[PDB]
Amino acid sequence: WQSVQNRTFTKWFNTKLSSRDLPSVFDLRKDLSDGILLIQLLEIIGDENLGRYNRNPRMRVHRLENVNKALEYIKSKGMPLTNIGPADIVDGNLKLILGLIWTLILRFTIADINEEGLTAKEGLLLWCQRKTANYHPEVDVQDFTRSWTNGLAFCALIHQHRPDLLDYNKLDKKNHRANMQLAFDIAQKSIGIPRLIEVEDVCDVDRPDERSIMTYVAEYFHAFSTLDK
């Protein structure tokens, strides 16, 4: 069994790796232990060549070397590695691994988001608010949790960007699950937005995972913005 955040972060990681036909992550407890996929991820999201590393790290010393290379790169970019060391990754500390991946999502997916001079999380929230301004009172984006669980904010974002793809006014606003599914399907099929979260992970969830939602909503910002150039 894997948590929403585990699954969402794994899917995010894989969208990056697949951009270079690299092998996927299936289990974050085990699949980062030799340091290779972490290094490759960093090259991809960081747009840099990290140079040579151990490509057959059969011995523990070489896995630690690989992971240490990754962590040093992350530190060199000014990201906090609060209370994580190479052995935490080699030995599959899932809590610390998810923490690290969030640090990377925040830096490489969210930090550069900008709306009205606000950046990062604030910027992304404000973008959502501005883009859904015409959908009050039923849509009211106030956070990256409860504001998203009825499906309508996702549908409104799609509709305002491409009113030909999703007829918002024809939705049965009470069918949260059908509307969520519709948005996720249209986003993926027509807008190229990867399905980082399952409908059941957010639809009518009392305490949805904030970081997972943020990770997925950031895909809307980047795709919409790029497509609107």
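When you see a residue number, it is the position in the sequence shown, counting from 1.
Between 67 to 75 and 82 to 90, name whichever shows the higher mean Cα B factor according to the PDB entry. Between 82 to 90 and 67 to 75, it is 82 to 90 that shows the higher mean C-alpha B-factor.
So which stretch wins on mean C-alpha B-factor, 48 to 56 or 172 to 180? Looking at the recorded C-alpha B-factors, 48 to 56 comes out higher on average.
Identity of residue with top Cα B-factor, from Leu38, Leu165, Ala187, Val202: It is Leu165.
Report the option among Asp143, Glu122, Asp140, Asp112 whose CA atom has the maximum B-factor in the deposited record. So the option with the highest C-alpha B-factor is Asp112.
Taking the values exactly as deposited, rank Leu22 by C-alpha B-factor within its chain and report the matching third: lowest, middle or highest. Within its chain, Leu22 is a highest-third residue by C-alpha B-factor, going by the deposited values.
Considering every modelled residue of the chain and its Cα B-factor in the PDB entry, is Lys16 in the lowest, middle or highest third? For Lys16, the deposited C-alpha B-factor lands in the highest third.
Once the chain's modelled residues are ordered by C-alpha B factor and cut into thirds, is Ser225 in the lowest, middle or highest one? Bottom third by C-alpha B-factor.
Would you please rank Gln5 by its C-alpha temperature factor against the other modelled residues of its chain and give the third it falls in: lowest, middle or highest? Answer is lowest: the recorded C-alpha B-factor places it there.
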